[PDB]
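Provided hereafter are the protein sequence and its experimental coordinates.
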Amino acid sequence: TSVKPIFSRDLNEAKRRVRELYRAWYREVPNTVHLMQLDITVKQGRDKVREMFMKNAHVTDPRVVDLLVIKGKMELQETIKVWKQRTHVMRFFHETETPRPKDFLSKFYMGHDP
Amino acid sequence: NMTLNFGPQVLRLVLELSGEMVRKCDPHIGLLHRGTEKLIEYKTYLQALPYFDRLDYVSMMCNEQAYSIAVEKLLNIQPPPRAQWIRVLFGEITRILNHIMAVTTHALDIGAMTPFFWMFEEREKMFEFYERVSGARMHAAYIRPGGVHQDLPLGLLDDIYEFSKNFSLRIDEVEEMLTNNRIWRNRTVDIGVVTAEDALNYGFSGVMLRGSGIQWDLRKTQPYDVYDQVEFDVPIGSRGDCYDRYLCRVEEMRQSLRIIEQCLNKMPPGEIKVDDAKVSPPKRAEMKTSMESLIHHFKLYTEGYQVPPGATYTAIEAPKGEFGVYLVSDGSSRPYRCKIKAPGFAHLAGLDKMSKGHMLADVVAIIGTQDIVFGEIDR
Amino acid sequence: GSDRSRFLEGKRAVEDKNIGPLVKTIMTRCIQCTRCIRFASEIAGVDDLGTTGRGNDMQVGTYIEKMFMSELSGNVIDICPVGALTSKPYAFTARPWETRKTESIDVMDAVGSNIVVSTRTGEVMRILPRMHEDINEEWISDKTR
Amino acid sequence: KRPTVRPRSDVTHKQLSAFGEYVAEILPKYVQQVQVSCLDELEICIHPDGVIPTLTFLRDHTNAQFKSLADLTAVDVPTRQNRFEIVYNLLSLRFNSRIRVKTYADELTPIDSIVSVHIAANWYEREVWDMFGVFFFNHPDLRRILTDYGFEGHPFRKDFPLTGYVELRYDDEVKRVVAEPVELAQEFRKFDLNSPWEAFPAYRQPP
Amino acid sequence: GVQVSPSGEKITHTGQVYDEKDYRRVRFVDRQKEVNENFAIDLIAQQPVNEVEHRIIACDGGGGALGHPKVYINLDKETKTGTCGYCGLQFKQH
Amino acid sequence: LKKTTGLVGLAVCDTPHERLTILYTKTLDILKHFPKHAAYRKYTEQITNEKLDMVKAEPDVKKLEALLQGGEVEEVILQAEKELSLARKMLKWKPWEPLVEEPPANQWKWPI
Amino acid sequence: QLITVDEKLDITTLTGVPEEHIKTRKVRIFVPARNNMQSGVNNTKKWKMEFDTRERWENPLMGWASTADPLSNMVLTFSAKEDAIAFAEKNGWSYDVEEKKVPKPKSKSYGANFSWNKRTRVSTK
Amino acid sequence: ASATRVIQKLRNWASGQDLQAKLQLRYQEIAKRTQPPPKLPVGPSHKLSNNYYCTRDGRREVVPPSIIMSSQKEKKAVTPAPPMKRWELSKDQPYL
Amino acid sequence: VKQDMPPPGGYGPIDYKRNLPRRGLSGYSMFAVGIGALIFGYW
Amino acid sequence: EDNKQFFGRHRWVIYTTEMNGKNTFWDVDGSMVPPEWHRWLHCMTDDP
Amino acid sequence: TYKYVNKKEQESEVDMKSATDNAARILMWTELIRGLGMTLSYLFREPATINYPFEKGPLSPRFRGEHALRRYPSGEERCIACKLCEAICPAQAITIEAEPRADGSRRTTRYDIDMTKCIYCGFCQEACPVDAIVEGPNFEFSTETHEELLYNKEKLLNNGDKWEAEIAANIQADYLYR
Ligand code: SF4
Ligand code: SF4
Ligand code: SF4
Ligand SMILES: [Zn+2]
């Protein structure tokens, strides 16, 4: 309830910053897959971007939103001022991982997870 | 602006250049982080020392000593005189080792590679001593809380004397090559020039201070050991350049022998580990005959010796500076946090200011002065 | 206690007894606390254990090679603070600190004896009672343990 | 006197207590829980809304001259709302002394920085933000320094385990150096060591 | 001394054997299985049974130091011997 | 007389005691702005009064320094300027006021 | 300045753990009962958070015990059930409690052992 | 040392110093190995009386801190401790 | 009986010192020598 | 042995041509030193 | 007792003689020639080098290298599964699994080490109350694979039955000090 804010006061200002950040990533990705000689498509990159955004959509707190924004901005700095490399950036796609079977029977036949 | 990377030839730098001179130097630390302060909390107070040897790997014993002193300030005890003296002795030997490595790696990264090969023989001699005493070359577990592990074999003191009889001539024979060579004078002079207020602020320590006129030595002040007994004159410089720093290191190399002479000629007889068998393990003969000593052996070596809830911040004059330890403890053998403080950290924080306006091949000399070691830094 | 012994003299020892295929008896360790004696003479109504002698020569254990087997024989282990009355199966297999003591119950009977199950590198090594002041009250059965 | 015990003097436990009363009556605000340890050290707990005032005071006021920030540190205790404990270990030369400042903080409760005063913190704060999760305002450059440039989490906390979540390896199938989930070979043995029998009857806590 | 199993594998001193159906015995192919030939059990059985008069006797393990801590044994049980846990030796009463 | 100090970033100040009177008078003239029930005033007032008495009682720096027992004259001047700025800042802050907001209970409780 | 938000806190995002290791992990908040072997009571003072266990198999090479989960050996301390619950529901896990099993008080009228009419009369000494 | 007089003279003229007196190598200027079995001392704590631990507990003389200005529980200008006594030069080689 | 590796009543004195020697000759000497050789060459 | 040289070089060893069914005229390790001599060779003692 | 480096006792002079020496040292390179002379000196000296396989460096009985379990003179082992080595090994390297022995005695069935983790410290031979395990002198056991270094009970027993002709003397010399 009665608490202290961070960088903002409401979901709406949080979201305006979030939209600025989306613009940044969208306008950036090409430079990445053109500098670091990647393989994936710009469209696939933008899909990953919007997915990493949508997967935090159960949020309410402006403080949480703002911390996530800060971390995203740090990562964007890291990327555009090229420090992350092919590996650092493709570490997202789980490209060497069998999609965790959500089929209850799959889990049954394979392991012990409930 | 030709911004580029720079590595070996660990030291990952990103230079923001302008033509041939520099505009900024951003280091990229973290290439040697492991999890020291995330492991210790899952361990006792007697299988942690190795971490403090591996930290600032050159000396290792002016670090084991810091850990021991912190644990002792917590446990409200003291070690015995023979232990304190031995510990001063090896502290000075490590001052020598670290000064040697800094000097010679400086001169090597520059290109002069003969003194390196020369002094490494004497370094091998010091390692022979570490072997005769501890058992292994470098990463000895010798110095421990509650005192020390084993006494000194009956063939060491003579060797130490015979080595000190000649280290001075070797130092002079290297000075003949360097401390007057116009080439070195021009590689170092007016480089890394620093002012006292900014040094203090940035948090510099030890040599990076007393090469700028300041008078700060945590052995004259905040005396943690018998260092109040023996004489040792502190050197300082007035200009604040890599040359003055080099000369400080050499003069400390010499005053360290001025210390060792007295350590030898006054080392008393006695014990090594304080006879409080709840803290330091006992001798094996008693461990085998008596019983209570065996119980304490068992406990010490399964559950480290309990420690009361406290907190401290110690400090040492390691070759570089304020090697500090913030050791928090609950009423348990497994501690709660062991924050190291290694000067390389602030030295890097001040690199971006000592390298504003100087050329590309002076960053190396700056780093040589700073005696950058990365084990202590990454943590 | 203290940090050393002022005993430059000789010690004593005592014969060991066979008491059952469960309770390994060493008896040069009994400090003579009498926990076993009282526990037996009160809980298990056995009335076979007792002390035989006076002075250091004292011992604790039946005067003959009788067997102290009972549905509750198997708690003198947890009660004897020392390793005189050890458990033969568990013995020589492991030590406590290595273990990851999980917590569970018994099924051998319909009582509900709270239990501590000790693990080791992914395997069971021993079972212990767990204090529930109502159901099992720090005592459990030979069978379940 | 006894050989195996340091001397518990009076000079320090008195001087530093006087200085504690001094700072307390000067800053009845931005202060709480001053204390002196049984081993000649001073700790000063303060609200995070007074950090820079306290530090400026201790750096400038002649009688303190606490110039050199010998260390900045964090600690994590999860049994409270404000779980992080930020620590500054400071040193003064003229008066040849040290001091310890503490201030509580919490994830989702950032802190005011001191870079304007002690430039050493410019990097300790980066460390803190990387490892624990505590944030600092008015800081020019704040980025992962120690860990990887893609690492995610906050390890030096007490929940992020020792081994970590991911391992690395090369997989010729793609020629890169990929990160997969942790499937160790040996398990991290955790030895139960805490012995019951109470040794310190002075630091006890009744029900 | 060592014995052998159907499949030729040198039984260890503690009954470890890889049965015919186990795939973990490829590492041996083109290689060997390290084992010690001197079995402690036989090497202690061979040893003579010590004899004494003082019913109680103190054992250390050889050297004054360098052996197992001083353990004191009783020997009044004339039915059989008295062993020492650490060293395995066994005494008898006269 | 002299040629330098012994540090780096300093100067051979040839006008001592005057900058000192200036700075101390200015400190006190700012303190005038402080409520008398502020300990900062109540203390630094007398501190600077005694420093002024000392500079007026010792005209030669080579003794004024060892008498003040602080650093060297230039360090003293620097520290006085710093105290001046500290005052100008504590004037905008209201520290002498009472406490801001007490903490929870189980915060400074170590052990835990 | 301040805010009026009566929402329950959750920082599962900043934490940095995946869905699997956050959801399927049942947390247990208990007090470690005494090791009956001992008689010590400086363990039954805290409130400990542990996780459910998981696969713990044997390596084929030598025989060690491995694990797929890192958290198995993550034991956390607390001084109060309310604070432990706050931390648990904050990190988002699914907590289950084991309430306090406390001993009873008793009247040890020693002299009763040497009684006349009662049955407590022991036959030993 | 096995080397020649003329070469000694030459290397010495080159360096400037003497070397046969402060060689680095080791020609029997050490302590023989195979040293004799030694016997060791003990501390002042291996007595038989007046050694009660309660006297020298060590890690129980500790006592928790002494709080001041908690939240619930004229004068002079003071400092945290006296100032630093200024240092002096040395009697041996203060300059360089 | 007790033997724990102490030293005798005293060891010798060590050189914690700089023996960096003063070697060479005078500038007038060196220069005039070089120039005399130069002149012989020219003649 | 030659006790007129400096340290580490005052002892030395000439290996064996063939050692346990093998041709070690060129091939030469440092593990072919049996222990009861190894100890002295490494300067641990002074009596063979 | 502080000092002063890189500073003249007072202001210098402008003597033509001093300027002459300065000019000479700036032209003809006296100091550089002195450095060359020093290098010549060390050239004409004896080198500290040694032939490794035929000459091996010095040491002391307290070395710490390859490991070795041990035995009594009566053939019997010394380990009894007291597990101190496991509970003190800073690296958690060791792995033990004990059992009874058909003859009734107490002994092991698994005493495995990972010499990739063993930092070669000494704590195990400090704790072992029976001197069973003794980190030994052998430092030549480099290999070509990462499975010749996960030693086990039998490899340790072989190393003991091999090197016991040296560890006996080493310890017989070293034990008194400890
Ligand atoms: S419980 Fe154990 S110690 Fe107590 S009398 Fe019985 S055997 Fe002896
Ligand atoms: S030497 Fe140290 S690290 Fe190696 S096994 Fe022994 S105790 Fe462990
Ligand atoms: S310390 Fe020695 S006796 Fe004990 S388990 Fe380890 S090797 Fe065996
Ligand atoms: Zn025996």
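Ah, there it is. Numbers count the residues shown, from 1 in each chain, chains lettered A, B, ... in the order given. Ligands and ions are numbered 1, 2, ... in the order given.

residues contacting the residue of chain K found nearest ligand 4?
Among the residues of chain K, residue K:72 lies closest to ligand 4, at 8.7 Å counting by Cβ to the ion. C-beta here means a position set from N, CA and C on the backbone, and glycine is covered the same way. Contacts were defined as Cβ atoms under 8 Å, 6 or more residues apart in numbering or on different chains; by that measure residue K:72 touches E:61-62, E:67, E:87, K:78.

Excluding chain neighbours, what is closest to the residue in the stretch 201-350 of chain B that ligand 4 sits nearest to?
When Cβ to the ion is the measure, the stretch 201-350 of chain B has its nearest residue to ligand 4 at residue B:288, with 11.8 Å between them. With Cβ to Cβ, 6 or more residues apart in numbering or on different chains as the measure, residue E:69 is the residue that lies nearest to residue B:288, at 4.3 Å, once sequence neighbours are left out.

Geometric centre of chain D: which residue is closest?
If you average the C-alpha coordinates of chain D and look for the closest C-alpha using Cα atoms, centre = their mean, you land on residue D:74, 2.6 Å from that point.

got the phi/psi numbers for that residue?
Here is the backbone geometry of residue D:74 (degrees, to the nearest 10): phi -130, psi 160.

Nearest to chain B: which residue in chain E?
Using Cβ to the nearest Cβ, residue E:69 is the residue of chain E that sits closest to chain B, at 4.3 Å.

Enumerate the residues of the stretch 201-350 of chain B near chain H.
B:215, B:220-221, B:233-234, B:269-271, B:274-276, B:278-279, B:306-308, B:310 (Cβ under 8 Å from any Cβ of the partner chain).

what's the closest non-adjacent residue to the residue in chain A that chain B sits nearest to?
Going by Cβ to the nearest Cβ, chain B is nearest to residue A:83 of chain A, at 7.0 Å. Setting aside the residues directly before and after it, residue A:83 is nearest to residue D:149 in space (Cβ to Cβ, 6+ apart), at 5.0 Å.

what about the closest residue to residue D:50 other than its chain neighbours, how many neighbours?
The spatial neighbour of residue D:50 that comes closest, neighbours along the chain excluded (Cβ to Cβ, 6+ apart), is residue D:30 at 2.4 Å. Burial measure for residue D:30: 24 neighbouring residues, criterion other Cβ atoms under 10 Å in any protein chain shown.

And for the residue of chain A closest to chain B, the neighbour number?
Residues lying near residue A:83 (other Cβ under 10 Å) number 18.

Repeat that for residue E:83.
With other Cβ under 10 Å as criterion, residue E:83 counts 17.

Contacts only, for it.
Shown here is residue E:83, whose contacts under the criterion Cβ under 8 Å, 6+ apart are E:73, E:89-90, K:104-105.

re the thing from before, checking my notes, the residue nearest to residue B:288 in a helix, right?
No: membership of residue E:69 in a helix is not supported by DSSP: H, G, I helix; E, B strand; the rest coil, which gives coil.

Quick check: it touching residue B:285?
No: when contacts are counted by Cβ atoms under 8 Å, residue E:69 is not listed as touching residue B:285 (10.2 Å).

Neighbour count: these two, which is higher?
More crowded of residue E:69 and residue B:285, by other Cβ under 10 Å: residue E:69, with 18 against 15.

so who does that one touch?
Taking Cβ under 8 Å, 6+ apart as the definition of contact, the neighbours of residue E:69 are B:287-289, B:294, E:60, E:86, K:129.

For residue H:89, see how far away it is.
Distance of residue E:69 to residue H:89, computed by Cβ to Cβ, to the nearest Å: 60 Å.

Please spell out which residues along stretch A:56-70 are buried.
A:61-70 (16 or more other Cβ atoms under 10 Å in any protein chain shown).

Also stretch K:142-162?
Applying 16+ other Cβ under 10 Å to stretch K:142-162 flags K:149-162 as buried.

Those also near chain B: which ones?
Checked against chain B using Cβ under 8 Å from any Cβ, the buried residues of stretch K:142-162 give no members in range.

Redo these as TSV? Include distance to ligand 4 and secondary structure.
Formatted as TSV, those follow (distance: Cβ to the ion, whole Å; DSSP: H, G, I helix; E, B strand; the rest coil):
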residue	distance to ligand 4	secondary structure
K:149	34	coil
K:150	33	coil
K:151	28	coil
K:152	27	coil
K:153	22	helix
K:154	25	helix
K:155	27	helix
K:156	22	helix
K:157	20	helix
K:158	25	helix
K:159	24	helix
K:160	19	helix
K:161	21	helix
K:162	25	helix
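
mind listing the helices for chain G?
With helices called from DSSP state H, chain G shows them at G:12-15, G:19-23, G:81-91.

From residue D:32, how far off is residue F:37?
When Cβ to Cβ is the yardstick, residue F:37 and residue D:32 sit 20 Å from each other.

who has more neighbours, the two?
With neighbours defined as other Cβ under 10 Å, residue F:37 and residue D:32 compare such that residue D:32 has more, 25 against 8.

Let me know whether that one touches residue H:69 as I believe.
Yes: using Cβ under 8 Å, residue D:32 is in contact with residue H:69, at 7.2 Å.

how about the helices in the chain?
Since you didn't name a chain, this refers to chain A. Under the criterion DSSP H, chain A carries helices at the ranges A:11-35, A:42-54, A:62-80, A:86-90, A:104-110.

Can you look at chain H instead?
Taking DSSP H as the test, the helices found in chain H are H:5-15.

Tell me the residues of it that contact chain I?
So chain H meets chain I at H:16-17, H:38-41, H:93, H:96 (Cβ under 8 Å from any Cβ).

right, and out of those, which lies closest to residue A:3?
Using Cβ to Cβ, residue H:96 is the member of the residues of chain H next to chain I that lies nearest residue A:3, at 63.4 Å.

partner residues bridging the residue nearest to that closest one when sequence neighbours are not counted?
Beyond its immediate neighbours in the sequence, the residue positioned closest to residue H:96 (Cβ to Cβ, 6+ apart) is residue K:5, lying 5.5 Å away. As for beta bridges, residue K:5 partners with residue B:237 under DSSP bridges.

what about the closest residue to chain I within chain C, neighbour count?
The nearest approach of chain C to chain I comes at residue C:8, 18.7 Å away (Cβ to the nearest Cβ). By other Cβ under 10 Å, 8 other residues sit near residue C:8.

all helices for chain C, in order.
Assigned helices in chain C, in chain order: C:35-39, C:76-79 (criterion: DSSP H).

Chain A against chain J: which residues are in contact?
Taking Cβ under 8 Å from any Cβ as the contact definition, chain A does not meet chain J anywhere.

Point me to the residue of chain A nearest ligand 1.
Using Cβ to the nearest ligand atom, the single residue of chain A nearest to ligand 1 is residue A:112, 42.6 Å away.

OK, contacts around that residue?
Shown in contact with residue A:112 (Cβ under 8 Å, 6+ apart): G:54-55.

Quick one: residues contacting residue 33.
With no chain named, the answer covers chain A. By Cβ under 8 Å, 6+ apart, the contact list for residue A:33 reads A:40, A:42, A:45.

that's the other chain; I wanted chain J
With contacts defined as Cβ under 8 Å, 6+ apart, residue J:33 is in contact with J:13, J:41, K:56.

Specify which member of those residues is nearest to residue B:74.
Taking Cβ to Cβ as the measure, residue B:74 sits nearest to residue K:56 out of these, at 44.0 Å.

Would you pull up the residue in chain H closest to chain D?
Each residue of chain H has a distance to chain D, by Cβ to the nearest Cβ, and the smallest belongs to residue H:69, at 3.8 Å.

Surely that residue is in contact with residue D:24?
Yes: in this structure, residue H:69 sits in contact with residue D:24. The criterion is Cβ under 8 Å, and the distance is 3.8 Å.

Give the intersection of the neighbour lists for those two.
With the criterion set as Cβ under 8 Å, 6+ apart, the overlap between the contacts of residue H:69 and residue D:24 is D:31, D:34.

mind checking the backbone torsions on the residue in chain C positioned nearest to ligand 3?
Of all residues in chain C, the one sitting closest to ligand 3 is residue C:95 (9.9 Å; Cβ to the nearest ligand atom). Residue C:95 adopts backbone torsions of phi -130, psi 160, taken as degrees, to the nearest 10.
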